[PDB]
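No hydrogens, no waters, no symmetry mates; every other heavy atom, side chains included, goes into these values. We're numbering straight along the sequence, starting at 1.
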Amino acid sequence: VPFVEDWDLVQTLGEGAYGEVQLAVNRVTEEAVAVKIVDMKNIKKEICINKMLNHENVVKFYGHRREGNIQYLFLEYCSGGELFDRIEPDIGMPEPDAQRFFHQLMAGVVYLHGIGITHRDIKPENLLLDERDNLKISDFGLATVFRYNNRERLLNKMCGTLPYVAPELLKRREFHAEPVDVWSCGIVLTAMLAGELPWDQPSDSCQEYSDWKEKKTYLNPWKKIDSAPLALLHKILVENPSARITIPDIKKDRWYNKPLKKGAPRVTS
Ligand SMILES: Nc1ncc(-c2cccc(O)c2)nc1-c1ccc(C(=O)O)cc1
């Protein structure tokens with residue numbers, strides 16, 4: 001079939017770093033993909049990690065092409081955009097929506113962790129929605145291997161985004177990868193349910209973080225969160241990463257397992 005490898009770049013989807021993401025549409029088939037354009041003036045590791053990934057709640061990597069110094073990553077197009085834009089400031093979103101997004105986020109993170117990959121920058125800007133509002137973890141530029149040949153490596157590079165980062169990353173030279181991603185998922189849940197972030201960073205000089213440690217959940221954002229999800233947050237947002245709840249136990253949590261949401265036409269007679 002002639003022309004089937006030709007794609008028109010038709011819309012800017014995002015920028016940041018020294019790159020852009022373009023909506024690309026196939027000339028023949030009209031398939032829409034996202035193309036991440038990175039001018040190499042790191043991306044080899046991101047491509048390598050991307051090639052490992054095959055799960056319904058992770059942005060699919062289709063392949064890559066390089067033309068000189070511009071590298072092209074072909075990725076699953078997510079027409080719903082960022083979870084960030086489903087969060088109403090100071091409100092959040094309906095609790096059943098947040099629970100459903102949280103389920104899909106856990107499935108994605110369970111998958112990455114089982115193949116030994118940590119994302120390291122989980123936040124609503126990096127959680128994309130397809131046309132059916134299915135959540136997809138995106139952007140593996142800060143991602144790394146924390147397990148190989150069944151042997152765990154401790155991390156020591158400070159990275160991520162301060163309001164989402166686990167306190168051990170600010171306090172300790174080395175830390176386990178998995179509790180860090182769990183923590184950031186808890187801050188995402190807090191955001192979805194309160195429409196605000198609890199602190200600038202989880203440090204002993206952050207008053208809002210100190211209030212949480214002192215259990216002042218009569219304050220915001222906690223006062224906006226029902227007691228059931230708040231009880232999950234109490235288990236996730238635990239300062240000691242060894243005492244923090246693990247994903248297997250998140251999946252046994254009462255709120256996590258609470259029926260809340262009807263499924264996604266019909267007629268009467
Ligand atoms: N794969 C994607 N699909 C949709 C959108 C997007 C993001 C915001 C608004 C919008 O309408 C679309 N963004 C991407 C995307 C996001 C991040 C990456 C990445 O690997 O950095 C690659 C692609």
Side-chain angles (χ1 to χ4, degrees), residues 7-8 10-14 21-35 53-62 74-112 114 119 122-139 185-196 221 223-233 235-236 247-269:
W7 300 80
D8 300 310
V10 311
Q11 180 184 341
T12 185
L13 291 184
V21 185
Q22 282 294 316
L23 178 54
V25 172
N26 194 274
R27 167 184 173 174
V28 169
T29 64
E30 311 203 55
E31 192 190 2
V33 303
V35 185
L53 309 178
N54 181 224
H55 187 273
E56 66 199 288
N57 299 120
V58 177
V59 171
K60 188 73 204 173
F61 179 74
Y62 295 133
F74 286 79
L75 304 145
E76 182 189 353
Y77 176 54
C78 291
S79 63
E82 302 176 2
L83 178 67
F84 183 83
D85 295 310
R86 310 305 186 82
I87 304 166
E88 190 191 331
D90 216 61
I91 288 289
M93 74 185 61
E95 200 181 292
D97 294 20
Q99 194 202 48
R100 173 173 174 280
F101 288 136
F102 191 73
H103 291 156
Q104 298 179 345
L105 175 55
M106 288 301 100
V109 176
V110 172
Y111 170 78
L112 293 176
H119 185 275
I122 296 163
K123 56 183 185 182
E125 300 88 334
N126 289 327
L127 298 171
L128 301 188
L129 298 171
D130 74 7
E131 73 287 345
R132 282 180 303 280
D133 278 353
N134 291 316
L135 170 159
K136 311 271 178 170
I137 302 164
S138 86
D139 191 349
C185 293
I187 304 290
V188 170
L189 182 55
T190 306
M192 297 200 285
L193 292 173
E196 73 179 304
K223 57 172 151 184
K224 308 182 200 163
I225 302 181
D226 183 69
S227 69
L230 188 49
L232 179 53
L233 292 171
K235 295 184 278 187
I236 297 170
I247 298 183
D249 290 344
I250 293 175
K251 289 178 165 179
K252 303 165 184 158
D253 169 77
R254 184 176 110 277
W255 180 73
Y256 191 94
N257 283 290
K258 192 172 169 151
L260 290 180
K261 191 113 146 87
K262 304 300 189 179
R266 110 170 197 262
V267 70
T268 55
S269 67

*Asks:* Taking atom CG of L189 and atom CD1 of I225, what is their separation to the nearest 0.5 Å?
*Replies:* 7.0 Å
*Asks:* Measure across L23 and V33 and return the closest heavy-atom pair with its distance rounded to 0.1 Å.
*Replies:*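 Nearest pair, atom of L23 first, then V33: CD1-O, 3.5 Å.
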*Asks:* Indicate the atoms forming the closest heavy-atom contact of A191 with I87, along with that distance.
*Replies:* O-CG2, 3.3 Å
*Asks:* Output all residues satisfying side chain to side chain donor-acceptor pair (under 3.5 Å) with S79, sequence neighbours left out; order by chain, then residue number.
*Replies:*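 For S79 there are no side chain to side chain donor-acceptor pair (under 3.5 Å) partners, ignoring immediate neighbours.
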*Asks:* Quick one: list whatever passes side chain to side chain contact (heavy atoms under 4.5 Å, CB included) with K60, sequence neighbours left out.
*Replies:*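 Applying side chain to side chain contact (heavy atoms under 4.5 Å, CB included) to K60 gives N54, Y62, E76.
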*Asks:* First locate atom CG of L83, then atom CG of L129, and finally report the distance between them rounded to the nearest 0.5 Å.
*Replies:*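 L83 atom CG to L129 atom CG measures 5.5 Å (nearest 0.5 Å).
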*Asks:* State which residue, out of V59, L53, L112, fulfils the side chain to side chain contact (heavy atoms under 4.5 Å, CB included) condition with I137.
*Replies:*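 With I137 as partner, side chain to side chain contact (heavy atoms under 4.5 Å, CB included) holds for just one option, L112.
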*Asks:* For residues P229 and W255, report the shortest heavy-atom separation together with the two atoms involved.
*Replies:* CD-CD1, 3.4 Å
*Asks:* Within this structure, what is the SG-NZ distance for the pair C185 and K123, rounded to the nearest 0.5 Å?
*Replies:*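 Output value for this atom pair is 14.0 Å.
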*Asks:* Would you list the pairs meeting salt bridge (charged side-chain N to carboxylate O under 4.0 Å, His left out) in which at least one residue belongs to residues 91-108, sequence neighbours left out?
*Replies:*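 Applying salt bridge (charged side-chain N to carboxylate O under 4.0 Å, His left out) to every pair that reaches into residues 91-108, excluding sequence neighbours, yields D97-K261.
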*Asks:* Side-chain contact test, heavy atoms from C-beta onward, threshold under 4.5 Å: evaluate it for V35 versus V21 and give yes or no.
*Replies:*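 A side-chain contact under 4.5 Å is absent here.
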*Asks:* Counting C-beta onward and ignoring hydrogens, is there a side-chain heavy-atom pair between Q22 and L13 closer than 4.5 Å?
*Replies:*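 When only atoms from C-beta onward are counted, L13 and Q22 do not touch, as no gap falls below 4.5 Å.
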*Asks:* Would you kindly say whether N134 and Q104 are connected by a side-chain donor-acceptor distance under 3.5 Å?
*Replies:*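 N134 vs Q104: donor-acceptor pair found between side chains.
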*Asks:* Just distance, no hydrogens or angles: give the donor-acceptor pairs under 3.5 Å from side chains in residues 262-269, sequence neighbours left out.
*Replies:*
none

*Asks:* For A98, enumerate each residue passing the side chain to side chain contact (heavy atoms under 4.5 Å, CB included) test, keeping only those at least two apart in sequence or located in another chain.
*Replies:* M93, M192, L193
*Asks:* Working to the nearest 0.5 Å, report the span between CG of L232 and OG of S227.
*Replies:* 12.0 Å
*Asks:* Kindly give the heavy-atom pair with the smallest separation between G186 and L233, and that separation in Å.
*Replies:*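 Distance-wise, the nearest heavy atoms are O-CD2, 3.2 Å.
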*Asks:* Using the salt bridge (charged side-chain N to carboxylate O under 4.0 Å, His left out) rule, collect all pairs that involve residues 25-34, keeping only residues at least two apart or in two chains.
*Replies:*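 For residues 25-34: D6-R27.
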*Asks:* When you measure from the side chain of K136 to the backbone of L127, do you find a donor-acceptor pair of N or O atoms at a distance under 3.5 Å?
*Replies:* no
*Asks:* Applying side chain to side chain contact (heavy atoms under 4.5 Å, CB included), can you list everything that pairs with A231, at least two apart in sequence or on another chain?
*Replies:*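 Residues passing side chain to side chain contact (heavy atoms under 4.5 Å, CB included) with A231: none at all.
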*Asks:* Sequence neighbours left out, what passes salt bridge (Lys or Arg N to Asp or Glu O under 4.0 Å) with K235? Give chain and number order.
*Replies:* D253
*Asks:* Ignoring hydrogens and geometry, is there a side-chain-to-backbone donor-acceptor pair from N57 to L135 under 3.5 Å?
*Replies:*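 Side chain of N57 to backbone of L135, a donor-acceptor pair under 3.5 Å: yes, one is there.
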*Asks:* Please report the closest heavy-atom contact between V58 and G108, naming both atoms and the distance.
*Replies:* CG2-O, 4.3 Å
*Asks:* Can you list everything that forms a side chain to side chain contact (heavy atoms under 4.5 Å, CB included) with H103? Sequence neighbours excluded, please.
*Replies:*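 If we apply the side chain to side chain contact (heavy atoms under 4.5 Å, CB included) test to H103, skipping adjacent residues, the hits are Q99, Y256.
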*Asks:* Go through the structure and list residues passing ring-ring contact (aromatic ring centres under 6.0 Å, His included) with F84, not counting sequence neighbours.
*Replies:*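 Checked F84 against ring-ring contact (aromatic ring centres under 6.0 Å, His included); zero matches.
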*Asks:* Which residue pairs pass the salt bridge (charged side-chain N to carboxylate O under 4.0 Å, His left out) test with at least one member in residues 79-90, sequence neighbours excluded?
*Replies:*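 Passing the test, one end in residues 79-90: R86-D133, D90-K224.
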*Asks:* List the residues meeting ring-ring contact (aromatic ring centres under 6.0 Å, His included) with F61, not counting sequence neighbours, and say none if there are none.
*Replies:*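 For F61 there are no ring-ring contact (aromatic ring centres under 6.0 Å, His included) partners, ignoring immediate neighbours.
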*Asks:* Give me the atom names and distance for the closest heavy-atom approach of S138 to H119.
*Replies:* O-NE2, 2.9 Å
